[PDB]
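Visitor: Have a look at this one.
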Amino acid sequence: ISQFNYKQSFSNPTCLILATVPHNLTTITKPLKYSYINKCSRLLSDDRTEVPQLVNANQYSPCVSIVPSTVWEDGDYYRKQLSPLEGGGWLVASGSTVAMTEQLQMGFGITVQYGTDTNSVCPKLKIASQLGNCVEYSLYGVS
Amino acid sequence: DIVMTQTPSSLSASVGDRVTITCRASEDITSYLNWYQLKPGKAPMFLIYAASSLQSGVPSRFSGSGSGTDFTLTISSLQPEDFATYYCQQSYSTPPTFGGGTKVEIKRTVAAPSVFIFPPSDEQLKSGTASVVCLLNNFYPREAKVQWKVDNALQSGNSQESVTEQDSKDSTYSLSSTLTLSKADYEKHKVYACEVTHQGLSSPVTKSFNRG
Amino acid sequence: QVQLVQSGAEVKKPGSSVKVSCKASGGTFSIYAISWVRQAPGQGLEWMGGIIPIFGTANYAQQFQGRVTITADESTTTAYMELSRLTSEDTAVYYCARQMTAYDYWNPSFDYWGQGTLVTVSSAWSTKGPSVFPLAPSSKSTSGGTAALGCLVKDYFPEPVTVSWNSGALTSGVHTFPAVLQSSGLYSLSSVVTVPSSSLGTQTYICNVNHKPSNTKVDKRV
Amino acid sequence: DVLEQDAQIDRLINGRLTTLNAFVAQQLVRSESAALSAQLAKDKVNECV
Amino acid sequence: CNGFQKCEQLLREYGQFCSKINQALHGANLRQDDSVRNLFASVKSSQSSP
Amino acid sequence: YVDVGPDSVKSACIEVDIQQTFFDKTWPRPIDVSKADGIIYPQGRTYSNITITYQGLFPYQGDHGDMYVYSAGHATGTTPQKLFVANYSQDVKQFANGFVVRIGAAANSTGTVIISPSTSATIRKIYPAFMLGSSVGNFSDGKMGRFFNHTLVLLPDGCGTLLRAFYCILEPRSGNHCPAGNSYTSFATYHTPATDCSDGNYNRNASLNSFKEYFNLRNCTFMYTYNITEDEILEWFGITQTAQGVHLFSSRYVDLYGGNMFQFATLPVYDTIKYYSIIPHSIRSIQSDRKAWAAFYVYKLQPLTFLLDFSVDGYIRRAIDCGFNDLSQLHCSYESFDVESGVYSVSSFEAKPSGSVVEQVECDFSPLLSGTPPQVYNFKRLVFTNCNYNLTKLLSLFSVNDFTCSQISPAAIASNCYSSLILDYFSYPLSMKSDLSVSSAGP
Amino acid sequence: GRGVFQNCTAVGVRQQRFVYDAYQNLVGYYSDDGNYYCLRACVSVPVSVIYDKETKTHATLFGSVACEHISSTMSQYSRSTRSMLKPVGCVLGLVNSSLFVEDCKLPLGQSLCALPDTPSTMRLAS
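Residue numbers (the numbering used here), protein chains in the order written: chain A, 1 to 143; chain B, 1 to 212; chain C, 1 to 222; chain D, 1 to 49; chain E, 1 to 50; chain F, 1 to 443; chain G, 1 to 126.
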């Protein structure tokens, strides 16, 4: 899952949640089955040099274009040729299916960043800048 | 692209004859047409620009008329040096597109072709290529149809037709139907007949001869 | 007045590059635009491109782009066209045409044209001599008071050739026909002369075939 | 491969940087010693020669 | 980073250390030069009989 | 899926010419950091008099970039005809780390129009247009320049008064000259100033209509519009890609007169952009009003360390590219724009290799195949010495469930050479895979 | 590895193909059977820059012995820097500034080398 489907950033505060809706939030619509990619590789024109392609951090898989939204069967293979501009060779992606559970089990990945300026995202809720001399302050993202 | 067609591809007219040439334009060319004169054998002559105005050094007998898509170069009187191919070229958009071309001739003499036949020579036989030539001399109407019947077999694909330019004396030419065969297909045939049809000729005539 | 002087006809291998030079004498060469127009036999006049020497920028037809190159020389007042990957369809007569407008490549009137340069493709075609394979007369070749005895001409690989009659003395009834190309791609033309039968015996007829590239001066009896 | 070669090259980088800093430190010490010796030599030249 | 591009990319995160090393060592050499110049000046001013 | 508007109804697309020879000029405007050309400001900080080193995405010092130029179209007397464009649409460039664009540098001066050199017009500012995407191919004709899936398109509209950004799927059209149709030269975009650019009534869809002529945009995730004041001032633009989306920078709002770029938009695009190209734009006017348009220069962004001088205003007016030459090394190392005179040692050259010399049968794997693979406690090995081998050939005959290489890479273990190979095999269920590890307490 | 190869007088058991000096660098045996190829670590050229701040001119002194192989903007030498760079005989290697004038020079100055003092306004070697 990490090296071909979804990888997060080693350099950012992250929280990863595996949750589920028991029966209430019926608005979420169940899919066909669970799908993931177990292999997304590449072969050169020599037939004797194979290159697996790990997914980059917080990006899409390179083989996303040749894979449908839901993989039809486990062990399925998808092949596509590459243009001479992009080096040619061959793009091969391996799918995998997982039988579905009774209730939807969902996954969330939250990455906040203590980085940019912009505005600020915070919880909603006279001790203010007017009394500047008094010590202690909390800004848009600086405390 | 602007494709331009000359409505007449060839007109025959003696000297002292008013002549109008029509060029058809695919799209509105507001005032961008050129009339060019081409006598086979030299750089052509720039006659008219914008379809109406006379290039300097051109007789006033040439006149330009037209606009939009109708265009007609007009010659007040034909002259011995007025007989040449005429091309209409648009100056409106991007690549110059040239009209088809128009041929000029005269009714000077309407003459039937005098038909001759000449078989291959004995030395042209030692050569290995046998060639019968049917010659039509001094025939004016440009249209003529020539075919070959070798032993009542209609020959095609191996005879070529040549013609000269205006003799300037009789408005007729010399036409050669040069029919070429090899010994494997020549010595096995006896009759060698050329079927010539000309409107100036009364009836289609034949030069028939027997080999040997 | 302007003189547009072309160059000699070209015979080259298909896929080879052909260079054609047109020289302008008189007028102002740098300001005026010179355009190359090709007449393919039976295909009509086709515009290939144009160039203005002072600007140095070359206009090109869409189909010829990436193959044809148009250049001009300021010092010698000469306009040059180069075509790569020659094909059977390419064989044509090429004309350099000056444009009347001082500038404005887009609006073109060709006031002056070159005489023309012929281009032919040659599949490893070697310069050799022609052969006299004429047409002697006979009784059955004699219809009426006159027959026709000719020179024909056969199998020389460069386009120019010259058939004369009785060392140039015979000029009556001489009819020469354009050389055609066979599937073997050789050069073959005919030249028949209408000679009275009475002159068949009293006069013996020999046609001189002259090929300048092969430098062949051959007399064989007709 | 890449992911682990980053860690390996980092190990080498840190090691070499530390040795090079040690080199600089001992050079500073030894240079100071030589400066004091040079003052002594100046005194010996003025006094003995 | 004996010449290898990857190593230099990694070293980019440390480059200030290399700068400190270079500057310190350059200053040490300058101080050596001053010491030599000073000692030789004391030797100078001696009117040598040929 | 946002509603962009009605499709284009016209059957055929306007004809286009590609005279790449007309656009080939040499007007060098290289980057020079001594006056802070193409600098992106720190995203959340500002500073004062201080001078600091800072590592980010910058264009390398002295870079010439790529020059692009726009022109009028074929015009007869009062009638416009075919558009004039270069080969920019066919050419495919790579969005390695984004790029910075110099806009209207030649404006406020008079230069000969590129389309008609004899004609001379006062240079005026024009804005670029870009297509960016993740997948590229050719059209039906083999003409390069087709963007397959969702592709971001940025184009100016209303004679340079607004910018539109949208992330749509572009499918060509089958009319004449339209890219899926016949007689197709190159897609382009255009606006006719006689009607579209009337005073106070700038058609804000004119260029969008031109674009819709050639493509049927579908499944548009979003569309954004940004207003732009008219003037003739040099300005900068920038594009970059992060995990947060694509970022758009400009000098227009914050440092209009200085050129520092500040972010003004973030766009929800999350497939890695690999390719981009410049949309050719022809101005559909009459030849009597052919105007000259300032060339725009595109410089790629490279990770780099830059010594940045900050004014009391905080604006960067001076920078050093630390990797340009040796004197730049000195400036960056002393972290100052002034270094004392002296003799400083810098980084040394080193020679280049050539002609890799090599000197050096048939490592067999037959017993791996014949018989019954013994137990994991009766496992049997194959040592290899005095032979050469290929591992892919062996491994393609089976279905490898796990391939984990420690202290070695899966590619290297197929390509590197060494003294001796040891290959031990046995019969192992996939149930006890976890027990088969170097660090495990399993039996 | 990267390193010059040469032929040298026979030493060592000769059973192995590698001779070592107790360090990673090695003499490296016979490139082709029945021959000897003594090997060397790849050589590198040192470079130094004289700022000359008052003039603001820069002079590229090369290594103490870098006056034959090195050439201005040489294709062979690829520096770690963008290869953008910044000649008097061989006093101490080649130098980009090329003035042989010495005349008389006073003690104060860069003092780049043993003899040379490079007085301000280039004009090396004095």
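Just so it is clear, CB atoms sit at the ideal spot from N, CA and C, and this is done for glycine as well.
Just to make sure I have the definition right: I need the residues of chain E whose C-beta is within less than 9 Å of the C-beta of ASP1 of chain D. Which are they?
Guide: Neighbours of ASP1 of chain D on chain E: none; closest Cβ ~12 Å, over 9 Å.
Visitor: How should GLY238 of chain F be labelled, buried or exposed, when 16 other C-beta atoms within 10 angstroms of its C-beta is the threshold for buried?
Guide: Buried.
Visitor: Straight-line CA distance for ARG37 of chain E to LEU30 of chain E?
Guide: Near 11 Å, if we compare the C-alpha coordinates of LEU30 of chain E and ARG37 of chain E.
Visitor: Counting contacts by CB-CB distance shorter than 9 Å, is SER33 of chain D in contact with chain E?
Guide: No, because no Cβ of chain E sits closer than 9 Å to the Cβ of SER33 of chain D.
Visitor: In or out: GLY114 of chain C buried (at least 16 other Cβ within 10 Å) or exposed?
Guide: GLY114 of chain C should be labelled buried.
Visitor: Could you name each continuous beta strand (DSSP E) segment of 3 residues or more that falls completely within the region 22 to 92 of chain B, going from the start of the chain to the end?
Guide: Runs of the beta strand (DSSP E) inside the region 22 to 92 of chain B: 33 to 38, 45 to 49, 62 to 67, 70 to 75 and 85 to 90.
Visitor: Which residues bound the alpha helix (DSSP H) around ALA41 of chain D?
Guide: Unbroken alpha helix (DSSP H) run through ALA41 of chain D: 2 to 48.
Visitor: Is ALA72 of chain C closer than 9 Å to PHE29 of chain C when the C-beta atoms are compared?
Guide: Contact flag set, yes.
Visitor: Over the uninterrupted alpha helix (DSSP H) stretch that includes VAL36 of chain E, give me the two end residues.
Guide: Residues 16 to 43.
Visitor: Going straight from the alpha carbon of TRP35 of chain B to that of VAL104 of chain B, what length do you get?
Guide: Their Cα atoms are separated by approximately 15 Å.
Visitor: Taking any Cβ of chain J, which residues in the region 29 to 41 of chain E have a Cβ under 8 Å from it, in chain order?
Guide: Absence of chain J from the displayed structure is noted, the protein chains being A, B, C, D, E, F and G.
Visitor: State yes or no: is the C-beta of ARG124 of chain F within less than 9 Å of the C-beta of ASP37 of chain F?
Guide: No, the pair does not count as a contact, with Cβ atoms beyond the cut-off.
Visitor: For the region 182 to 208 of chain B, list every residue whose C-beta sits within 8 Å of some C-beta in chain F, in sequence order.
Guide: Going along the region 182 to 208 of chain B in chain order, one finds no residue with a Cβ nearer than 8 Å to chain F.
Visitor: What are the start and end residues of the beta strand (DSSP E) that includes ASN49 of chain F?
Guide: Per DSSP, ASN49 of chain F belongs to no beta strand (DSSP E) and is neither H nor E.
Visitor: Can you pull the chain F residues whose beta carbon is under 7 Å from the beta carbon of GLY3 of chain E, in chain order?
Guide: Result: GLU350.
Visitor: Please list, in chain order, the chain C residues whose beta carbon lies closer than 7 Å to that of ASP122 of chain B.
Guide: Ordered by position in chain C, the residues that pass the 7 Å Cβ test against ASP122 of chain B are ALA136.
Visitor: What residues in the region 87 to 121 of chain G bring their beta carbon closer than 9 Å to a beta carbon of chain E?
Guide: Answer in chain order: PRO107 and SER111.
Visitor: Examine the Cβ distances between the region 81 to 90 of chain C and the region 172 to 192 of chain B and report whether three or more of them are shorter than 8 Å.
Guide: Because the criterion of three Cβ pairs below 8 Å is not met, the region 81 to 90 of chain C and the region 172 to 192 of chain B do not touch.
Visitor: Which residues bound the beta strand (DSSP E) around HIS64 of chain F?
Guide: Run containing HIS64 of chain F: none; DSSP gives neither H nor E here.
Visitor: Would you mind giving the Cβ-Cβ distance between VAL192 of chain C and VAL58 of chain B, rounded to the nearest angstrom? I have them listed as a contact below 8 Å.
Guide: That belief does not hold up - the Cβ atoms of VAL192 of chain C and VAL58 of chain B are roughly 41 Å apart, past 8 Å.
Visitor: Starting from the N-terminal side, write out each stretch of the alpha helix (DSSP H) that is 4 residues or longer and does not extend beyond the region 390 to 416 of chain F.
Guide: If we require 4 residues or more, the alpha helix (DSSP H) runs fully inside the region 390 to 416 of chain F come out as 391 to 395 and 412 to 415.
Visitor: Have a look at C:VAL18, C:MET100, C:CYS96 and C:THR91 and flag the residue whose alpha-carbon is nearest the alpha-carbon of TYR32 of chain C.
Guide: The option with the nearest alpha carbon to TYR32 of chain C is C:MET100.
Visitor: I'd like the list of long-range same chain contacts for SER16 of chain C, defined as Cβ closer than 7 Å, with 5 residues on each side in sequence excluded.
Guide: Answer for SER16 of chain C: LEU86, listed in chain order.
Visitor: Could you say which of F:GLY111, F:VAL136 and F:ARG284 lies nearest to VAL92 of chain F if we only look at CA atoms?
Guide: Comparing Cα-Cα distances from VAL92 of chain F to each of F:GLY111, F:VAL136 and F:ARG284, the minimum goes to F:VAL136.
Visitor: Check the Cβ-Cβ distances between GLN47 of chain E and every residue of chain F, and say whether any is below 9 Å.
Guide: Closer than 9 Å: no.
Visitor: Is there a C-beta anywhere in chain G that falls below 9 Å from the one on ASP326 of chain F?
Guide: Chain G, which has a Cβ nearer than 9 Å to the Cβ of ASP326 of chain F, makes this yes.
Visitor: Figure out for me which residue from F:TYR315, F:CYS363, F:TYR377 and F:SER437 has the closest Cα to the Cα of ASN49 of chain F.
Guide: The candidate whose alpha carbon is nearest that of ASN49 of chain F is F:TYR315.
Visitor: Is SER83 of chain G close to chain E, meaning its C-beta is less than 9 Å from at least one C-beta of that chain?
Guide: So, not an interface residue.
Visitor: Taking the C-alpha atoms as reference points, what is the distance between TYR6 of chain A and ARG79 of chain G?
Guide: Their backbone Cα atoms lie some 40 Å apart in a straight line.
Visitor: For chain E, check one thing: does any of its Cβ atoms lie closer than 9 Å to the Cβ of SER126 of chain G?
Guide: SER126 of chain G does not count as touching chain E.
Visitor: Along the region 335 to 350 of chain F, what residues have a CB closer than 9 Å to any CB found in chain G?
Guide: Those would be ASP338, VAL339, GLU340, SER341, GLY342, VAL343, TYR344, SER345, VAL346, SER347, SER348, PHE349 and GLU350, in chain order.
Visitor: The region 50 to 71 of chain G: which residues have C-beta closer than 7 Å to a C-beta of chain E, in chain order?
Guide: Taking 7 Å as the Cβ-Cβ cut-off against chain E, none of the residues of the region 50 to 71 of chain G qualify.
Visitor: How far does the beta strand (DSSP E) with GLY98 of chain F in it extend, from its first residue to its last?
Guide: No beta strand (DSSP E) contains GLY98 of chain F, which DSSP labels as neither H nor E.
Visitor: Compare the Cα-Cα distances from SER197 of chain C to each of C:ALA136, C:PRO160 and C:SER183 and report the closest residue.
Guide: Answer by Cα proximity: C:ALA136.
Visitor: Ordered along the chain, which non-local residues of its own chain (more than five positions away) have a Cβ less than 6 Å from that of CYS168 of chain F?
Guide: Correct list, in chain order: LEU217 and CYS220.
Visitor: Beta carbon of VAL4 of chain F, beta carbon of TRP293 of chain F: below 9 Å?
Guide: No, the Cβ-Cβ distance between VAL4 of chain F and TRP293 of chain F is not below 9 Å.
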